[PDB]
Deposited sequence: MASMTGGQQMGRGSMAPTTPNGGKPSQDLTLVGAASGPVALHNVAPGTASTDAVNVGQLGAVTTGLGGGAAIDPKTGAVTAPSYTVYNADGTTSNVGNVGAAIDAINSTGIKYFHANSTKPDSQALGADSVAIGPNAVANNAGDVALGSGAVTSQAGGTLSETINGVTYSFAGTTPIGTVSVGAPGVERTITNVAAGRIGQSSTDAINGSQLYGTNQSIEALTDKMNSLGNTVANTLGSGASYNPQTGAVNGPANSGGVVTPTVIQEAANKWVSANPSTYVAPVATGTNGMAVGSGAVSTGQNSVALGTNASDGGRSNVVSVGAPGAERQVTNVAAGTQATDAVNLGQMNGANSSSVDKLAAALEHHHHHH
């Protein structure tokens, strides 16, 4: 049967033999517990822990498998559950996250499956009853898209934002609701004004049009 060769110095020339001290240094480079057994000379495979998308982990026995898992199931704290095509971060300094996500322009962020960006443009103001109200944050560096036309996403668990001239905070539904209520509250007062003014001689007020008939 085969016999071990003893008393072999480290090889230097390319046609020199290699000893266990040399191979062991390379197995140490793999890490993950890879090692040479001192009794049998058997080589233990490395064991690398990778993180699945369902709250579990797996161990794999070679580097390629670990890289392939990183490029499919993700890394700890950053998971996409998909087999669909890769995201594309095409714009300079853009970020694209999730299957089929596409960040097209500089500084853009695409967040979510099938989220796609278009070039951001600023909105300076709104005009209501001929009065123009100016906005904060009117020269966007780019956009964060959370979807695409017909496949938009809601954004949920958003804390109420500041309301004021300089606010660049997002606004939630409880905030628009208060505003809506105030409009109807004002309307009730207007209908009062209309009716009390009507009171006369057959005179009337029509809330449908606001017109007093007298």
{"query": "Ranges of the deposited sequence (numbered from 1) for which no C-alpha atom is modelled", "finding": "1-36, 236-237, 253-371"}
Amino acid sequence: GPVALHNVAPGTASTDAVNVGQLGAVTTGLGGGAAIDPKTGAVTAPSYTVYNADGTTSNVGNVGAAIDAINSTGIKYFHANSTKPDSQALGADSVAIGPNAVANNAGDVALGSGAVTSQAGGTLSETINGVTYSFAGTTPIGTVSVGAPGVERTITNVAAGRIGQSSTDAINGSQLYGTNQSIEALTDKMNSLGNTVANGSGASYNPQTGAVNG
From here on, numbers count along this sequence of modelled residues.
| item | value |
| --- | --- |
| Stretch exceeding the other in mean C-alpha B-factor - 27-35, 146-154 | 27-35 |
| Which of 88-96 and 125-133 has higher mean CA B factor, as the PDB entry lists it | 125-133 |
| CA B-factor ranking of residue 168, expressed as a third of its chain | lowest |
| Relative C-alpha B-factor of residue 70, binned into the chain's lowest, middle or highest third | lowest |
| Relative C-alpha B-factor of residue 159, binned into the chain's lowest, middle or highest third | lowest |
